[PDB]
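1. build me a model:
(3 chains)
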Amino acid sequence: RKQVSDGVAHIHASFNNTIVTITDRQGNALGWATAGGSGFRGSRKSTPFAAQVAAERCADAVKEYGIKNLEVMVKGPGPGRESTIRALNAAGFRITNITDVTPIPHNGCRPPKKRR
Amino acid sequence: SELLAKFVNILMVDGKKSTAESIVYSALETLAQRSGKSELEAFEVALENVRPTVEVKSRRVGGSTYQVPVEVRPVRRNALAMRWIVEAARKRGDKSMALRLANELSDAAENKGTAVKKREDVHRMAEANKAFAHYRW
RNA sequence: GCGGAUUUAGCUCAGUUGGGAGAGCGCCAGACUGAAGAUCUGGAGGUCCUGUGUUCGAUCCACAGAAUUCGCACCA
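-> Residues are numbered from 1 along each chain as shown, chains lettered A, B, ... in the order given. Right below this line is the structure:
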């Protein structure tokens, strides 16, 4: 009950399952959601649909906090990425700006077994 | 009505339409005597309640066969509704033929039984795989 | 000996507006699958420790008894 009114909408999109974490201008997450939090096991969570439900719920939960506008920050590729976005464009919030803050590293990290 | 003309054919075994229409119209007669409603109106509603909307098909997509939900066409819903009503009628235990149809058309409006179990089973298979909804087709 | 806790359908347990006996698992069947599995649905399954009393009616109150468990007490 801090009525943030405006904040940021982090979208951790991945091939495993997208996870949304709404926050304020500072960066303190007010609430989050994920396909797993929606009830999905682990294989169906990656679906773009499980991303829409996670985006809307993560949003609605924030509606309670009193937030109206948010800034989406997309990270990492994967199904449900664009789905989570449009899911946010709707709901009860106003997407003021979208940004692809996907890290995509430079040079000094040994890739995992799957990547090597 | 063409619907009634189509329903009398599925009850026509060995080409005896004269006797077929005899049991049909005799059912609508006893149907109005048992229920205070027009035989025609009580007939249509009976076929409307027995119709699926989304059917799940099996498809090999790369590795295994996934179940993808798909919409049904209006031409098959009429056939199934007609077929499942006559089969359920021949399942009743009343000797009178016209009576098996009259009661079935009534219970079909009340909704409950095996035909309903299959309706729920299919409705359950659907939505259960909502994770495959994006494949509307 | 004494006190506390516990004593519901096979198992594990919920159940105090006293007036519905119920859930999970299990068992059987159905659906599904080539089929088996898993999941979903359905059914069966209860002297609800025992007796008596209290009320119009008690699993759900009182009293008495029994069993389980625990602390304590006893132990040339």
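2. three-state assignment of residue A:4?
-> Three-state call for residue A:4 (DSSP: H, G, I helix; E, B strand; the rest coil): coil.
3. I'd say it and residue A:63 touch.
-> No: using CB atoms under 8 Å, residue A:4 is not in contact with residue A:63; the gap is 10.9 Å. Every C-beta, even on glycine, is put in place using the N, C-alpha and C of the backbone.
4. more crowded one of those two?
-> Using other CB atoms under 10 Å in any protein chain shown, the more surrounded residue of residue A:4 and residue A:63 is residue A:4, with 20 against 14.
5. may I have the phi/psi pair for the more buried one?
-> phi -70, psi -30 (degrees, to the nearest 10).
6. and for the one 5 residues further on?
-> Residue A:9 adopts backbone torsions of phi -120, psi 90, taken as degrees, to the nearest 10.
7. with residue B:12 instead?
-> Phi and psi for residue B:12, reported as degrees, to the nearest 10, are phi -90, psi 90.
8. which single residue of chain A approaches chain B most closely?
-> Chain B sits closest to residue A:44 of chain A, with a gap of 3.5 Å, by CB to the nearest CB.
9. need the nearest residue in space to that residue, chain neighbours excluded.
-> residue B:131 (3.5 Å; CB to CB, 6 or more residues apart in numbering or on different chains).
10. how close does that neighbour sit to residue A:25?
-> According to CB to CB, to the nearest Å, residue B:131 and residue A:25 sit 35 Å apart.
11. so the two - more neighbours on which side?
-> Neighbour totals were compared for residue B:131 and residue A:25, and residue B:131 leads with 18 against 11 (other CB under 10 Å).
12. that one against residue A:51, yeah?
-> No: at 10.8 Å, residue B:131 does not count as touching residue A:51 under the criterion of CB under 8 Å.
13. picking that back up, ok, the residue nearest to residue A:44 - contacts?
-> Residue B:131 is in contact with A:40, A:44, A:47, A:49-50, counting by CB atoms under 8 Å, 6 or more residues apart in numbering or on different chains.
14. just among the residues you listed, which is most surrounded?
-> Going by other CB under 10 Å, residue A:50 tops those with 27 neighbours.
15. doesn't that residue fall inside a helix?
-> Yes: assessed by three-state DSSP, residue A:50 belongs to a helix.
16. contacts only, for it.
-> If you count contacts by CB under 8 Å, 6+ apart, residue A:50 has them with A:17-18, A:35, A:38, A:40, A:44, A:80, B:131.
17. for residue B:49, see how far away the residue in chain B that RNA strand C sits nearest to is.
-> In chain B, no residue comes nearer to RNA strand C than residue B:121, which is 4.2 Å away by CB to the nearest atom of the strand. Counting by CB to CB, the separation of residue B:121 from residue B:49 is 16 Å.
18. the more surrounded of those two?
-> Neighbours per residue (other CB under 10 Å) separate residue B:121 from residue B:49, with residue B:49 holding more: 14 against 10.
19. my guess is that one contacts residue B:107, does it?
-> No: with contacts counted by CB under 8 Å, residue B:49 stays clear of residue B:107, the gap being 10.2 Å.
20. next, residue A:98: secondary structure please.
-> Under three-state DSSP, residue A:98 comes out as strand.
21. what's the burial count for it?
-> Neighbour count for residue A:98, taken as other CB under 10 Å: 14.
22. wait, it touches residue A:72, no?
-> Yes: the pair residue A:98 and residue A:72 passes the contact test of CB under 8 Å, sitting 4.8 Å apart.
23. contact partners for residue 57?
-> If you meant another chain, say so; for now it's chain A. Contacts of residue A:57 (CB under 8 Å, 6+ apart): A:33, A:37-38.
24. my bad, chain B
-> Residue B:57 neighbours (CB under 8 Å, 6+ apart): B:67-68, B:70.
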